[PDB]
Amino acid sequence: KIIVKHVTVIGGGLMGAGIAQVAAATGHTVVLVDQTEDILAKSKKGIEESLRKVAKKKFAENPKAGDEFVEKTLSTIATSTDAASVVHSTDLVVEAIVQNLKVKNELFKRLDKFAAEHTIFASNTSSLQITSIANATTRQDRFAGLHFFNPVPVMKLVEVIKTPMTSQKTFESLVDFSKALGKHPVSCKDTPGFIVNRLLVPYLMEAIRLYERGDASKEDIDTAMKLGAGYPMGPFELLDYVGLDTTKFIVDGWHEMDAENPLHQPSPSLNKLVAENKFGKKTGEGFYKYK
């Protein structure tokens, strides 16, 4: 049982950068990876900005401290464009790149040849079976899902996904790692949607359908779930918040592998909006318009 000290995060987007940020802020030695240096420098700048925002709202009584915090955490975030150059000495690889099974497998297959014997491989994906990706390597015992939620620095939850091949040693390691990041880990098999998404998304789709049916208004559905269920965000504010494109993606997928399941029939409204580039808060408009 080895303790994860060096993390190699692959993906400089919202998730990857967040994962990198939290790992470094909790003492882990990180190497963020992306295709260009501009992508990387820009991703790291976002980390700094986010971290400084944290600093002020924690070290407001001694900026001198907040500065050390931010530079210390930032310094342990090395960067590289070819992950193959650092996996030979890394303890864990957390992938958070484009949802393309082929590209992911090509990545992990090559990474398999460079990685150390102990090195563990994890994917933060939400629309692919960890198993499909793990079979690109001959490291299945050290392969598993490590699912975070945006905004990673804030969401306390982390789903540790166990394939039929994940060893018990790999599992305890990521569980331990999850606690080391200050997050709370849960267990789930390699089933579509895992826990959260499997229970959130189908619900988000139902709300949409109740609206399309004209049974009630969006504003009302949102009020109904917030007040009658105590949810932080109404379903339509949540859809716009997590992305309409992101949502449609996971659902088209589920629908694809089970065309007959009613829980995944596509929504004309969600499609139209998505075809119109109205992805929610990201694009300033989804089911609602924004500032």
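The numbering used is simple: start at 1 and walk along the sequence shown.
The PDB entry reports B-factors from which the mean C-alpha value can be compared for 71-79 and 166-174; the larger average falls on 71-79. Stretch comparison (220-228 versus 252-260) by mean CA B-factor in the PDB entry places 252-260 on top.
For the set 43, 26, 246, 265, the maximum C-alpha B-factor listed in the entry falls on 265. Reading the B-factor column for the CA atoms of 207, 86, 128, 199 in the entry, the top value corresponds to 128.
Among all modelled residues in this chain, the alpha-carbon of residue 111 has a temperature factor (C-alpha) in the middle third. Split the chain's modelled residues into thirds by C-alpha temperature factor. Residue 239 is in the lowest one. In this PDB entry, residue 270 carries a Cα temperature factor that places it within the middle third of its chain's modelled residues. Among the modelled residues of the chain, residue 101 sits in the highest third by CA temperature factor in this PDB entry.
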